[PDB]
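Colleague: Have a look at this one before I ask anything.
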Amino acid sequence: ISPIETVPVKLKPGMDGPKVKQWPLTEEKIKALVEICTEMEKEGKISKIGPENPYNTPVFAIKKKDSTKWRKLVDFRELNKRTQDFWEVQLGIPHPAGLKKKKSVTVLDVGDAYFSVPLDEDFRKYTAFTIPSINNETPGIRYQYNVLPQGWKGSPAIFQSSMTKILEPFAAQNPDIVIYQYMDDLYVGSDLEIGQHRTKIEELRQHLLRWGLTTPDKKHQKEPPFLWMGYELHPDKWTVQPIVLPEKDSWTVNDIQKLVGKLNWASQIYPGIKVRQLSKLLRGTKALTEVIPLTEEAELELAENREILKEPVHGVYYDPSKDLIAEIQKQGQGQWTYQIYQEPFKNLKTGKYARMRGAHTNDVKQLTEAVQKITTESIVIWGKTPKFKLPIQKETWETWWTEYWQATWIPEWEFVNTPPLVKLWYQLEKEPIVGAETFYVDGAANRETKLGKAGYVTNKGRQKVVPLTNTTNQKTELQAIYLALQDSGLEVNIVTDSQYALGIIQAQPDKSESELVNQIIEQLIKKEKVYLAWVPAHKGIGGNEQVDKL
Amino acid sequence: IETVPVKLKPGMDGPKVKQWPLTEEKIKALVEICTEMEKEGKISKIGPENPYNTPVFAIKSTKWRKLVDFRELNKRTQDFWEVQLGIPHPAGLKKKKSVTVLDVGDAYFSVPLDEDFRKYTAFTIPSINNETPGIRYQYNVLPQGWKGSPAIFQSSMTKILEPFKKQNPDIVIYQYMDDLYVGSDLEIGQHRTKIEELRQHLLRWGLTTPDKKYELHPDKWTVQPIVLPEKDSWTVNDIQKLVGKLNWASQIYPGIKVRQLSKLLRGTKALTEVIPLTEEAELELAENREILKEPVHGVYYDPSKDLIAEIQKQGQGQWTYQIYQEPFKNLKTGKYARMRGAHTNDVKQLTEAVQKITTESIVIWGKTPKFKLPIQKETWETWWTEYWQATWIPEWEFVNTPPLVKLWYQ
Ligand SMILES: N#Cc1ccc2c(Oc3ccccc3OCCn3ccc(=S)[nH]c3=O)cccc2c1
Ligand SMILES: [Cl-]
Ligand SMILES: [Cl-]
Ligand SMILES: [Cl-]
């Protein structure tokens, strides 16, 4: 226990304490439970109770390595489901790229952390348990908890608040010592000489011990590199813990998920990791134990990742006196990669952005989206936004954001002439082209038959109708435009009734999940002037009525 | 004095909203502001047995101001400040020639808050890189931005204003959250001197209004009429666009006729061909033009429904908006043109437009609309507080579908 003040705790309103059955157990189990309940009671962490307490909670016994120890287990689910909600404990963890170098770093593990913090007195009656008789002939040993039980909803957050209050006196006396708190650990850094630092560590240990918290001695205190949360914290660098990409003939859905996970994890420091093809295989994974084949693109992507992972890479810690720079590169296939650095040959971290959700996209829009993701991450990790280095010209971006329907925030950025560049591959005409043939296009299909047709009629008397099998009322509308893009000169006016097809093209995409749209894009690049115009269908207006005959 | 008990709607738990990550500059401003507020008793630190949270932000002048987003708590306290302690909305404030808005939020900070209710006002000052769990506070006084704060203070406000209302019985005064809207038909100079009289009256009674060195003229507030293109000469394309917009307008105004216009373009002609209009055709155009000049019929405000504001980007610092409750039943439309400036970030114009629309909606109906914002969610959530100067925050959502009708709402 400890002299810390207890946090007051309530049951969820309208509920009452857990009254749960205690199913019997073996004699060797009931024995090892008493060997611990007497030593727990000796240290005051529990206390025998009478019959007045009407509540109860299941008790179980289990062992590790069949070792001498036979740990007690209490399933506090019924209590936890009836206890008030607490402030949510830490969700995310600090990122190594956001740490600032300290000349010395120490790690201290608190033992019996939850059992070293007292529990609100009025709430102790709801923590009662029972060690049963050998044959339900003897009475049971009623007990109760005095400290934060392991597996109780409020234990993690009450400990953190208790530790934070306990650290307050030492932190005031030692204003230059950094103390990170995380679960049952304390990561203490300082800019003092080793001997001076080691004395302050011993000072912290003694302070923590007077408050009832045990902590390892220098004999048991770890040393760098520290393996924390899948990272490798070295005194002047950080990197991820070694990645193991397994070799298999049959890759199940679960195996692919694990592989995509390790690859995402490695992407924060290893530049160029790609997971598009592997994740595409996951689409519609359904059963986790199903065996799925590998696309040649997927095996190629995995091979490049193995090549990247072959050599080791490390990142640098953060320096607030130096600038924060972000640089982005387009990997292709709708994939982008970025580095965050302050110095040229060392990066704080890396990462990648993929626009999986959008079927149709524009490089400029993707680049803008990737900037947004980097901006949010920079704020989380360093408390500020980076100065961007982007492969786009100002006149290219200014043109796009001027005419884009949505509002865009274009931060400070400088052009980096490192191809692939980001450009506008074509641009529709804002007014009709005089001296250009005017194609009135139309298309349609039957939903049941799936058979459709796409055609056009021009102001010069030209006419075509092409049959289409296994299509949609939407695909034929796109096919009509593609037919008029073909069979037309370098300048063409196209008139459609399909707001769908107008919407897709007016967005000016440069890539899509439809081969047809990719072919239309190819034509639009090859043309000189294209004006796309729209009219209401079935209004019988001009040329559209004649095309509707199709 | 003793505090007014505040009860949440039955079966409604408290707000549990996530704190956004902030710049280091903004975290430090919040730590400074909250350290002062803690010293003045206005807020206190809290432990882990409080699970609720409400986002906090920092806005600006050259002095950092704190802004709590009480949207969720307001929804969960609607009965307390809308039914039990509701503040009625005057319908004559819109009629006034000039309307001035005065910030009176500092009044609430004297009044204590019900002890059993303070836990639901909990907010978190974030740390960087998840170093610290966060500095956690709750209010001991009526907080700004909570809708129950003016509702509780209402009786004190009605008392402080009554001497001024007697002298000036033609001046409309309406309180919405932290602001007073004062409307008069006086000339600008007379109205401005009247506003200073009210400011001095309030200061005499202990109400500091930080107005020491917003004028709105709502007589022009209306649903703007659709304007067909006026052309000396007309092309096939021009007629095509005219017919299309008229067909779209037919959804709103019945009686639109385009059959004669449709006939005027006959055969597979060329878009750049110049088609002179028939005498019959001009008659249809003249009838549709007059039909659109008049206002719609049967468009009334429903106070049981929520107001909806839609905005579309038009280019060259121009934005257009419509306020409605049901489709094609616009209660109000307008066009906000950014005051021509060097700083012109689309976010700045969108943020300024959203504030303008919200203020009008308060003056007209006494409530704010839910915005359909033409911007990416994360971009807005990152940058909206940069130019936010209001004390309230409307509801909003983000539209990912490009309109294709921007020319129509010109
Ligand atoms: N397991 C474990 C573990 C160990 C240390 C952690 C940690 O250390 C610091 C602690 C305090 C200040 C700065 C720190 O880190 C700066 C950067 N740094 C890091 C390591 C070394 S050896 N040297 C150095 O400069 C911060 C956060 C979590 C930690 C978890
Ligand atoms: Cl991604
Ligand atoms: Cl061609
Ligand atoms: Cl709830």
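Chains as they are written, first to last, in the entry's author numbering: chain A, 2 to 551; chain B, 5 to 64, 68 to 220, 232 to 428.
C-beta atoms are modelled at their ideal positions from N, C-alpha and C, and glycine is treated no differently.
(1) So is the beta-carbon of residue 327 of chain A under 6 Å away from any non-hydrogen atom of ligand 2?
(2) Comparing the CB of residue 171 of chain A with every heavy atom of ligand 1, is any distance shorter than 6 Å?
(3) Given a threshold of 16 other Cβ atoms within 10 Å of its Cβ, counted over all protein chains shown, does residue 106 of chain A qualify as buried or as exposed?
(4) Going along the stretch 296-321 of chain B in order, which residues come within less than 7 Å of chain A, judged by CB to CB distance?
(5) At 4 residues or longer, what runs of the alpha helix (DSSP H) sit wholly inside the stretch 161-211 of chain B?
(6) For residue 447 of chain A, which option in A:551, A:18, A:238, A:375 has the closest C-alpha, if you only look at C-alpha atoms?
(7) Closest by CA to residue 532 of chain A, which one among A:39, A:478, A:506?
(8) Do the CB positions of residue 90 of chain B and residue 188 of chain B come within less than 7 Å of each other?
(9) Determine the burial state of residue 307 of chain A: buried for a count of at least 16 other Cβ atoms within 10 Å of its Cβ, exposed for fewer.
(10) According to DSSP, residue 186 of chain A sits in a beta bridge with which residue or residues?
(11) Return the chain-ordered list of same chain residues with a C-beta closer than 7 Å to the C-beta of residue 230 of chain A, the five sequence neighbours on each side being excluded.
(12) Which residues of chain A have a Cβ atom closer than 8 Å to the Cβ of residue 327 of chain B, listed in chain order?
(13) Mind checking if residue 365 of chain B is an interface residue toward chain A, Cβ cutoff 7 Å exclusive?
(14) Could you please give me the residues that DSSP links to residue 348 of chain A through a beta bridge?
(15) Would you say residue 397 of chain B lies against chain A (beta-carbon separation less than 7 Å)?
(16) Between residue 371 of chain A and ligand 2, is there a pair consisting of the residue's CB and a ligand heavy atom that are separated by less than 6 Å?
(17) Does any residue of chain B have a CB that is nearer than 7 Å to the CB of residue 540 of chain A?
(18) Give a yes or no on contact between the stretch 326-335 of chain A and the stretch 469-484 of chain A, applying the rule of three or more CB pairs nearer than 8 Å.
(19) Just list the beta strand (DSSP E) runs in the stretch 123-168 of chain B, keeping only unbroken ones of 3 residues or longer that don't cross its boundaries, in chain order.
(20) Kindly examine ligand 3 and report whether one of its heavy atoms sits closer than 6 Å to the Cβ of residue 527 of chain A.
(21) Alpha carbon to alpha carbon, what distance is there between residue 398 of chain B and residue 334 of chain B?
(22) Is it a yes or a no for the stretch 262-282 of chain B touching the stretch 209-217 of chain B, going by three-plus beta-carbon pairs under 8 Å?
(23) Please work out which residues of its chain come closer than 6 Å, Cβ to Cβ, to residue 430 of chain A, disregarding the five sequence neighbours upstream and downstream, and give them in chain order.
(24) Just the chain A side, please: which residues come within less than 7 Å of residue 288 of chain B by C-beta, in chain order?
(25) Is residue 100 of chain A near ligand 1, judged by its Cβ being under 6 Å from some heavy atom?
(26) If residue 544 of chain A sits next to residue 496 of chain A, beta carbons under 8 Å apart, how far is it from one beta carbon to the other, in whole angstroms?
(27) Please compile the residues from chain B whose C-beta is within a distance smaller than 8 Å of the C-beta of residue 503 of chain A.
(28) Mind pulling the beta strand (DSSP E) runs of 3 or more residues that sit fully within the stretch 318-366 of chain B?
(29) With 16 other CB atoms within 10 Å as the buried threshold, where does residue 198 of chain A fall?
(30) Under 7 Å between beta-carbons, which chain B residues line up against residue 86 of chain A? List them in chain order, please.
(31) So, is residue 158 of chain A buried or exposed, given that buried needs 16 or more other C-beta atoms within 10 angstroms?
(32) If you measure beta-carbon to beta-carbon, which residues of the stretch 333-350 of chain B are closer than 8 Å to chain A?
(33) Just checking residue 267 of chain A against ligand 6 - is the residue's beta carbon closer than 6 Å to any of the ligand's heavy atoms?
(34) Can residue 354 of chain A be considered in contact with ligand 2, in the sense that its beta carbon sits closer than 6 Å to one or more heavy atoms?
(35) With a threshold of 8 Å on Cβ separation, who are the neighbours of residue 466 of chain A within its own chain once the five nearest residues in sequence on each side are excluded?
(36) Select from A:58, A:147, A:78 the residue whose C-alpha is nearest the C-alpha of residue 117 of chain A.
Modeller: Reading from the atomic positions:
(1) Here residue 327 of chain A refers to the residue found at position 326 of the first sequence. Shortest gap from the CB of residue 327 of chain A to any heavy atom of ligand 2: 6 Å or more.
(2) Counting from 1 along the first sequence, the entry for residue 171 of chain A is found at position 170. Answer for residue 171 of chain A: no, Cβ out of range of ligand 1.
(3) Start at 1 with the first residue of the first sequence, and residue 106 of chain A comes out as number 105. Buried is the label assigned to residue 106 of chain A, since at least 16 other Cβ atoms lie within 10 Å of its Cβ.
(4) none
(5) Within the stretch 161-211 of chain B, the complete alpha helix (DSSP H) runs of at least 4 residues are 195-211.
(6) Residue numbering aside, residue 447 of chain A sits at position 446 when the first sequence is read from its first letter. The candidate whose alpha carbon is nearest that of residue 447 of chain A is A:551.
(7) Numbered from 1 along the first sequence, position 531 holds the residue referred to as residue 532 of chain A. Ranking the options by Cα distance to residue 532 of chain A, first place goes to A:506.
(8) The sequence position of residue 90 of chain B within the second sequence is 83, counting from 1. The sequence position of residue 188 of chain B within the second sequence is 181, counting from 1. No.
(9) The residue you call residue 307 of chain A lines up with position 306 of the first sequence. Exposed, by the Cβ-count rule.
(10) Position 185 of the first sequence, counted from the first residue, corresponds to residue 186 of chain A. Answer is A:110, A:183.
(11) Here residue 230 of chain A refers to the residue found at position 229 when the first sequence is read from its first residue. Result list for residue 230 of chain A: 94, in chain order.
(12) Translated into the one-based positions of the second sequence, residue 327 of chain B becomes position 309. Per Cβ cutoff of 8 Å: no residues; residue 327 of chain B is ~15 Å from chain A at best.
(13) Counting from one through the second sequence, the residue named residue 365 of chain B turns up at place 347. For residue 365 of chain B, the answer is yes, since a Cβ of chain A falls inside 7 Å of its Cβ.
(14) Reading the first sequence from its first residue, position 347 is the one you call residue 348 of chain A. Note: residue 348 of chain A sits in a beta bridge opposite A:342.
(15) If you number the second sequence from 1, residue 397 of chain B lands on position 379. So yes, residue 397 of chain B belongs to the interface.
(16) Residue numbering aside, residue 371 of chain A sits at position 370 when the first sequence is read from its first letter. With a cut-off of 6 Å, the C-beta of residue 371 of chain A is classified as distant from ligand 2, since no heavy atom of the ligand falls inside that distance.
(17) As a working mapping, residue 540 of chain A is identified with position 539 in the first sequence. Answer yes: the Cβ-Cβ gap between residue 540 of chain A and chain B drops below 7 Å somewhere.
(18) no
(19) Listed in chain order, they are 130-132, 142-146.
(20) Position 526 of the first sequence, counted from the start, is the residue given in the question as residue 527 of chain A. Checking the Cβ of residue 527 of chain A against ligand 3 gives yes.
(21) Here residue 334 of chain B corresponds to residue number 316 of the second sequence, with the count starting at 1. Here residue 398 of chain B corresponds to residue number 380 of the second sequence, with the count starting at 1. Those two C-alpha atoms are separated by around 20 Å.
(22) no
(23) By one-based count along the first sequence, residue 430 of chain A stands at place 429. Taken in chain order, the residues that qualify are 530, 532.
(24) By 1-based counting over the second sequence, the position of residue 288 of chain B is 270. Result: 439, 460.
(25) Along the first sequence, read from residue 1 onward, the residue named residue 100 of chain A stands at position 99. Yes, ligand 1 has a heavy atom inside 6 Å of this Cβ.
(26) For the purposes of this step, residue 544 of chain A is taken as the residue at position 543 of the first sequence. For the purposes of this step, residue 496 of chain A is taken as the residue at position 495 of the first sequence. Separation of the CB atoms of residue 544 of chain A and residue 496 of chain A is rounded to 6 Å, and the pair is thereby assigned contact status at 8 Å.
(27) As a first step, residue 503 of chain A must be located in the first sequence, where it is residue number 502. Result: 422.
(28) Listed in chain order, the complete beta strand (DSSP E) runs (minimum 3 residues) inside the stretch 318-366 of chain B are 326-333, 336-342, 350-355.
(29) Taking the first residue of the first sequence as 1, we reach residue 198 of chain A at position 197. Burial call: buried.
(30) Counted from its first residue, the first sequence places residue 86 of chain A at position 85. Under the 7 Å cutoff, chain B gives 55.
(31) The sequence position of residue 158 of chain A within the first sequence is 157, counting from 1. Counting the other Cβ atoms within 10 Å of the Cβ of residue 158 of chain A gives 16 or more, which makes it buried.
(32) 333
(33) Judged by which ligands are present, ligand 6 is missing from the structure shown, whose ligands are ligand 1, ligand 2, ligand 3 and ligand 4.
(34) Taking the first residue of the first sequence as position 1, residue 354 of chain A is located at position 353. It does: the Cβ of residue 354 of chain A is within 6 Å (strictly closer) of some heavy atom of ligand 2.
(35) Here residue 466 of chain A corresponds to residue number 465 of the first sequence, with the count starting at 1. Excluding sequence neighbours, residue 466 of chain A sits near 454, 455, 456, 551.
(36) Locating residue 117 of chain A in the first sequence gives position 116, where the first residue counts as 1. Scanning A:58, A:147, A:78 for the CA closest to the CA of residue 117 of chain A turns up A:147.
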